[PDB]
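Visitor: Encoded as structure tokens, here's the structure I'll be asking about.
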Amino acid sequence: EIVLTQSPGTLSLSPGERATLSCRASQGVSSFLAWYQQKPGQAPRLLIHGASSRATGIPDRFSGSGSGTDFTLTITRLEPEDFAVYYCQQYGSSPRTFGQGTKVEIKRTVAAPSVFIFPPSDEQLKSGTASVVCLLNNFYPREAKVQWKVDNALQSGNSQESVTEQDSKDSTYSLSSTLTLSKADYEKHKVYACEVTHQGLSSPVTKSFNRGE
Amino acid sequence: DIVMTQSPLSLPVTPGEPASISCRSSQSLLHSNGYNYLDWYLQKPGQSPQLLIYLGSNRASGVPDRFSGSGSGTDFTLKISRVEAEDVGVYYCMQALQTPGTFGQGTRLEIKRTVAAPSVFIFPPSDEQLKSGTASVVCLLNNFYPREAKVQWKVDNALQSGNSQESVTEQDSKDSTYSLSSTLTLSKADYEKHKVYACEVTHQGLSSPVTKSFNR
Amino acid sequence: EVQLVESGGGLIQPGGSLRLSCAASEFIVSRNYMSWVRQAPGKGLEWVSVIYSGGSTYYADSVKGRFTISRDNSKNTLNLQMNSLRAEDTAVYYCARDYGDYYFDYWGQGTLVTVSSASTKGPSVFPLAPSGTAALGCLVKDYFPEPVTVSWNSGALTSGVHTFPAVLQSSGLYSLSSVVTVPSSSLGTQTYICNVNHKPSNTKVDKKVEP
Amino acid sequence: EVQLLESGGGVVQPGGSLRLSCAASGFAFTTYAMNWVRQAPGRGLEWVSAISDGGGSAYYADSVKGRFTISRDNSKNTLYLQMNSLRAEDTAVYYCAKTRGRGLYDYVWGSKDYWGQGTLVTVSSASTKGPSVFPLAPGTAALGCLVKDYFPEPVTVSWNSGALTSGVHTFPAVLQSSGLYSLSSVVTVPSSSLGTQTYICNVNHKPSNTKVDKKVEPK
Amino acid sequence: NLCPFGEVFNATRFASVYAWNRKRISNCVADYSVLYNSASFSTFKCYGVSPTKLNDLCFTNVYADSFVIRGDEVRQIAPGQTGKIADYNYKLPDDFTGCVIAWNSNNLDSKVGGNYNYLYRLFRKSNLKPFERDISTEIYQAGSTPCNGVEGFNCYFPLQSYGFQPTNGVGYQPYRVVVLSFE
């Protein structure tokens, strides 16, 4: 099978700027290459075929180049609706195969998150499980670090986090972190805290609560 | 043959404003198969023509959505919902039914742009040319709108006539202005028995006529 | 006016059977190259199977002997019979009009096929009580399988709502949080309810979230 | 990828003959009908001829029947226009244009999807003459080149080998009483740069293999 | 009488696969040694007969088909195959008795910019009967709307050009193919 390698894996640009996506092929596929655009939650959309032919209704700022093993897709003047994942797909041999993708994210100014910590409900405690939730709201860039502190001891390997997709309005991310414990291990500790490190913060920001309160 | 009648032959449009070109046909172009066999072509200045609409209502490959074809039988219409500077050029309709392929007379889309007065320059003849016995004095009216201007030569403040050639560019595709050059041809004998050569430009864009001159 | 609409997705045991169906609107499956393409959650695109305009069929090596592509001409339907379903096979399945066995120029919205040994369990919904600007939410925990849909005040409140992608925790269940930002001054007076709907388990929960 | 290269076409003495070529490039030329369309200087498009794929069917405008021959070499992808008994009313820019569709009712003479850049044909008694280039010497200045006394058309003028495109107007040529053409080409620059910048106009008159560089500078 | 196999193999032009040529060969003697001893025939597979022993057999007719395809597709010029060549352009019978030879023709059939003369059928509503080949150009209706003889959306010209490009990998180069049938 032709193995299709796409780079860069992710690409942060600003509306109006120029985008150059690359897709290299494990062996010759001549001109038999297509490019697709996929937005989150909906089906992919054909942009070009034959390495350089625009599909029907595809704006002209999209353009394809390459032959053999090295192909590139170029968006000339990035519009706010051109920010998605782009796949290449060879149809020269074997099974037809797709690249692994390239996320084209909008870059904007640094935005710091506002931090919220949520103690578990009495209803959930009855079930025997405690879930502490730390919320980081509307920030950029995406890379943030969350550190859980239980009675000021740094925790590790007992929490899971989840990021949103860029907000269409203000181009920001949000993030939640969920520390999970048994009712027992939860109830034997006093102060739960969440420490957030992010470029938009001069020094990390802690939100905390006392569980006996 | 089928006669195609275009209206109007010149269409002034303000940038952003919609435009409409009418095209009427001798016979009905409605084919048995439901399609009206009318095409719309555009020829931008200096380029070769280009398909906009085919079979009456279908935009050609690459054609923006603000271009639009409608009508049936003998009355058709091309509409540009937002006219912009790149659209300047000549539009031709054409029937595609029968063997005499016949075009409309063409419609010159003008872009009714805001009044801009010309920059005026005058160039004496080179010395190279004066060796070979003649002299060309060139006056340049640059980036003006509308196209209408009077240029007037004076040699020692004496009006000229009959020895003046001029040429006007087509409307620029970015800023929608015109440029003009006027050439006053004389013999070297005549050109060196006067000293002041003046070019006088009157244009709606300025208050009083502007004069550029040089002394030989 | 052109359209491809999949159906028949859902939760099925390992080693069970499931029959996907794709209904075409304006353009005839019997005269077209039709294909199935699948996408595992958070992963790339894999071609599965194709049927030629004239009848030939081809399959990805991972699904030969288990999948069968076919079509109902009297109903303009593309079909995929899937037997011996595995974990690997959990994905979103797309039917696509296939231009000459080359590229896929028109896609349907897709259908989600979850193949797991777990059982359809509706979620437990807990309040994330608010403690100017204020944050509040609902923890939607231990359901199976996605999707689940959160809304706030029956949809009358969409501004400032974030719902996070679900996470599969070690237990093998699904957990997500949905949060909304509201003014602090509104906390006592305004009432805030998340509306959790989990159609796979046929389950619906409303809870008041409050300080 | 589709492109259509016209060749042939220069000055032809009246009553004489000429053969136009159109070289097709990046498409299934063998499957499409072809067209020749004509534009006389200062006027509109006139259709002249059409030919189906692989020859066989040809069509001609009234004004060229008996004198013109459209033909096709599907071997090496070339279209031909044989022009006999040429006339003043045949002086025009000629270009091949590819028929858009390929179905039964798309028609050989019909919608034309891609057009070539064209080739100019001049029916005239006159003799070919290369031009003479003279400078038009100069907080914003004008300068340019006068390209005088040449036949036939066209003449191309670039500035600094193409590096200077912003601000250039090359006017249409005018026909002087001598029978020869004349044009000028001007460009606007910041006056503050007339000191140290250099402006060279490159005139190219292919019909006579004339190629001239004149540097233009404040006298 | 030498059977005119030189006219077939050393032909100047070859046919497109959808329009493959056939030459009936009758009333002569043919020298099959000159074929198996050719360094050029990358493919030389024979069905129902043995290649060496082909100078010791007699038949009442011999048929010679020639066309150009991609190297990736010579795999399909064999009994019991499927794919766009076997199904819509050139189909051999299950009970084939003959030989199929091919040879890379990059030097004669590809050029820079692409040679678009060679064509294959892309759209056909039903598989082709063996040796049963259509020359048709009617546009292909892929929707419920009739096309009314006008190429457009869901209304595709049934042929497509190979666009033979000189640079490609070997599987994409043109291959001239000759099929000999023995009956």
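Chains as they are written, first to last, in the working numbering: chain X, 65 to 277; chain C, -7 to 208; chain D, 569 to 779; chain U, 186 to 404; chain Z, -7 to 175. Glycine included, C-beta positions come from ideal geometry on N, C-alpha and C.
Thinking just about the alpha-carbon of each residue, which of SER589(D), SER738(D), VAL693(D), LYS767(D) is nearest to the one in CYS706(D)?
Guide: Numbered from its first residue, the third sequence carries residue 706(D) at position 138. When only C-alpha atoms are compared, the closest one is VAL693(D).
Visitor: Does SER237(U) get closer than 8 Å to chain Z when you measure Cβ to Cβ?
Guide: As a working mapping, residue 237(U) is identified with position 52 in the fourth sequence. No - not a single Cβ of chain Z is within 8 Å of the one on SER237(U).
Visitor: For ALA11(Z), which three-state DSSP category applies?
Guide: Here residue 11(Z) refers to the residue found at position 19 of the fifth sequence. It is helical.
Visitor: Could you give the distance in angstroms between the alpha-carbon of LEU704(D) and the alpha-carbon of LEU741(D)?
Guide: One-based indexing of the third sequence puts residue 704(D) at position 136. One-based indexing of the third sequence puts residue 741(D) at position 173. Cα to Cα, the separation comes out at about 23 Å.
Visitor: Under 6 Å Cβ to Cβ from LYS209(X), same chain only, skipping five residues before and after it: list those, please.
Guide: Here residue 209(X) refers to the residue found at position 145 when the first sequence is read from its first residue. The answer, listed in chain order, is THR261.
Visitor: On a Cα-Cα basis, can you pick out the residue from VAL187(U), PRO226(U), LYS283(U) that is closest to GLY211(U)?
Guide: To locate residue 211(U), count along the fourth sequence from 1; it is residue 26. Nearest option by C-alpha distance: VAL187(U).
Visitor: Take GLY193(U) and list the residues in its own chain whose beta-carbon comes closer than 6 Å to its own, dropping the five residues that flank it on each side.
Guide: Your numbering for residue 193(U) matches position 8 in the fourth sequence. Within the same chain, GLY193(U) has close Cβ partners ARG204, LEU205, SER206.
Visitor: Threshold first: 4 residues or longer. Then list the alpha helix (DSSP H) segments lying entirely within the stretch 111 to 149 of chain C, N to C.
Guide: 119 to 123, all fully within the stretch 111 to 149 of chain C.
Visitor: Cβ atoms of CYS590(D) and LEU572(D): under 8 Å apart, would you say?
Guide: Walking along the third sequence from the start, residue 572(D) turns up at place 4. Walking along the third sequence from the start, residue 590(D) turns up at place 22. Yes, they are a contact pair.
Visitor: List the DSSP bridge partners of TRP221(U).
Guide: Here residue 221(U) refers to the residue found at position 36 when the fourth sequence is read from its first residue. In the DSSP output, where bridge partners are listed per residue, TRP221(U) has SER234(U), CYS281(U).
Visitor: Reducing DSSP to helix, strand and coil, say where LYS247(X) ends up.
Guide: By 1-based counting over the first sequence, the position of residue 247(X) is 183. Three-state DSSP puts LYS247(X) in a helix.
Visitor: Output the boundary residues of the alpha helix (DSSP H) element that contains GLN152(Z).
Guide: Stepping through the fifth sequence from its first residue, residue 152(Z) is reached at position 160. From DSSP, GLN152(Z) is part of no alpha helix (DSSP H) but of the beta strand (DSSP E) over 151 to 153.
Visitor: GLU231(U) to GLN267(U), Cα distance in whole Å?
Guide: If you number the fourth sequence from 1, residue 231(U) lands on position 46. If you number the fourth sequence from 1, residue 267(U) lands on position 82. Answer to the nearest angstrom: the Cα atoms are 17 Å apart.
Visitor: Let me know the secondary structure DSSP gives residue 290(X) once reduced to three states.
Guide: This structure leaves residue 290(X) out entirely; chain X is present only between 65 and 277.
Visitor: By how many angstroms is the C-alpha of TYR265(U) removed from the C-alpha of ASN259(U)?
Guide: Here residue 259(U) refers to the residue found at position 74 of the fourth sequence. Here residue 265(U) refers to the residue found at position 80 of the fourth sequence. Distance between the alpha carbons of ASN259(U) and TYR265(U): 11 Å.
Visitor: Using beta carbons (cut-off 8 Å, strictly below), is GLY93(C) in contact with chain Z?
Guide: Counting from 1 along the second sequence, the entry for residue 93(C) is found at position 101. No, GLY93(C) does not count as interfacial toward chain Z.
Visitor: Can you tell me the Cα-Cα spacing of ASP(-7)(C) and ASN109(Z), whole angstroms?
Guide: Your numbering for residue -7(C) matches position 1 in the second sequence. Your numbering for residue 109(Z) matches position 117 in the fifth sequence. Between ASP(-7)(C) and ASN109(Z), the C-alpha separation is close to 36 Å.
Visitor: Could you name the residues of chain Z that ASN25(C) contacts, counting a contact when the two beta carbons are closer than 8 Å?
Guide: Here residue 25(C) is taken as the residue at index 33 of the second sequence, counted from 1. What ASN25(C) touches in chain Z: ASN140, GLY141, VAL142.
Visitor: Quick one, which of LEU89(C), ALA52(C), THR161(C) has its alpha-carbon nearest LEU30(C)'s?
Guide: For the purposes of this step, residue 30(C) is identified with residue 38 of the second sequence, where counting begins at 1. Ranking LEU89(C), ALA52(C), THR161(C) by Cα distance to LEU30(C) puts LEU89(C) first.
Visitor: For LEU736(D) and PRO715(D), what's the separation of their Cα atoms in angstroms?
Guide: Mapped onto the third sequence, residue 736(D) falls at position 168. Mapped onto the third sequence, residue 715(D) falls at position 147. Going from the Cα of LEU736(D) to the Cα of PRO715(D) covers about 12 Å.
Visitor: Please confirm if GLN157(C) has its CB atom under 8 Å from at least one CB of chain U.
Guide: Within the second sequence, numbered from 1, the residue matching residue 157(C) stands at position 165. Answer yes: the Cβ-Cβ gap between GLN157(C) and chain U drops below 8 Å somewhere.
Visitor: Can you tell me the Cα-Cα spacing of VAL160(C) and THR169(C), whole angstroms?
Guide: In the second sequence, counting from the first residue as 1, residue 160(C) sits at position 168. In the second sequence, counting from the first residue as 1, residue 169(C) sits at position 177. If you take the alpha carbons of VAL160(C) and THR169(C), they lie about 11 Å apart.
Visitor: Using DSSP bridges, identify the partner residues of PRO4(C).
Guide: Looking up residue 4(C) in the second sequence gives position 12. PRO4(C) pairs with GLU102(C).
Visitor: Taking the alpha-carbon positions, what's the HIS730(D) to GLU225(X) distance?
Guide: Start at 1 with the first residue of the third sequence, and residue 730(D) comes out as number 162. Start at 1 with the first residue of the first sequence, and residue 225(X) comes out as number 161. Going from the Cα of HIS730(D) to the Cα of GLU225(X) covers about 14 Å.
Visitor: So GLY106(Z) contacts chain U; which residues on that side make the cut at Cβ distance below 7 Å?
Guide: Translated into positions along the fifth sequence, residue 106(Z) becomes position 114. Those within 7 Å of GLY106(Z) in chain U are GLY211.
Visitor: Which same chain residues, not among the five before or five after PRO(-4)(Z), have their C-beta less than 8 Å away from its C-beta?
Guide: Here residue -4(Z) corresponds to residue number 4 of the fifth sequence, with the count starting at 1. Once the five neighbours on either side are set aside, the close Cβ partners of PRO(-4)(Z) are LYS15, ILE17, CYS20.
Visitor: Tell me the DSSP bridge mates of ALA326(U)?
Guide: Taking the fourth sequence and counting its residues from 1, the one referred to as residue 326(U) is at position 141. Per DSSP, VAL374(U).
Visitor: What is the DSSP secondary structure of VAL777(D), reduced to helix, strand or coil?
Guide: Within the third sequence, the letter at position 209 stands for residue 777(D). In the structure shown, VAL777(D) sits in a strand (DSSP, three-state: E or B).
Visitor: Look up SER17(C) in the DSSP assignment and give the residues it is bridged to.
Guide: On the second sequence, residue 17(C) is found 25 positions in, with the first residue counted as 1. In DSSP, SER17(C) forms a bridge with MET(-4)(C).
Visitor: Per the DSSP calculation, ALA108(C) is bridged to which residue(s)?
Guide: Counted from its first residue, the second sequence places residue 108(C) at position 116. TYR137(C), per the DSSP bridge assignment.
Visitor: Does the beta-carbon distance from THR6(C) to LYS104(C) come in below 8 Å?
Guide: On the second sequence, position 14 is the one that residue 6(C) refers to. On the second sequence, position 112 is the one that residue 104(C) refers to. For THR6(C) and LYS104(C), yes; Cβs fall inside 8 Å.
Visitor: Does the beta-carbon distance from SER97(Z) to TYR167(Z) come in below 8 Å?
Guide: Taking the fifth sequence and counting its residues from 1, the one referred to as residue 97(Z) is at position 105. Taking the fifth sequence and counting its residues from 1, the one referred to as residue 167(Z) is at position 175. Yes, Cβ-Cβ distance for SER97(Z) and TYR167(Z) is below 8 Å.
Visitor: Please tell me whether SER238(X) has its Cβ less than 8 Å away from any Cβ of chain D.
Guide: Here residue 238(X) refers to the residue found at position 174 when the first sequence is read from its first residue. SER238(X) counts as touching chain D.
Visitor: For the stretch 571 to 586 of chain D and the stretch 191 to 199 of chain C, state whether three or more C-beta atom pairs, one from each stretch, are separated by less than 8 Å.
Guide: Touching, no.
Visitor: Can you list the residues of chain D that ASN146(Z) reaches, using a CB-CB cut of under 7 Å?
Guide: Numbered from 1 along the fifth sequence, position 154 holds the residue referred to as residue 146(Z). Within 7 Å Cβ-Cβ: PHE595.
Visitor: For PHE115(C), count neighbouring Cβ atoms within 10 angstroms of its own Cβ and tell me buried if that reaches 16, exposed if not.
Guide: Numbered from its first residue, the second sequence carries residue 115(C) at position 123. Classification for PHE115(C): buried.
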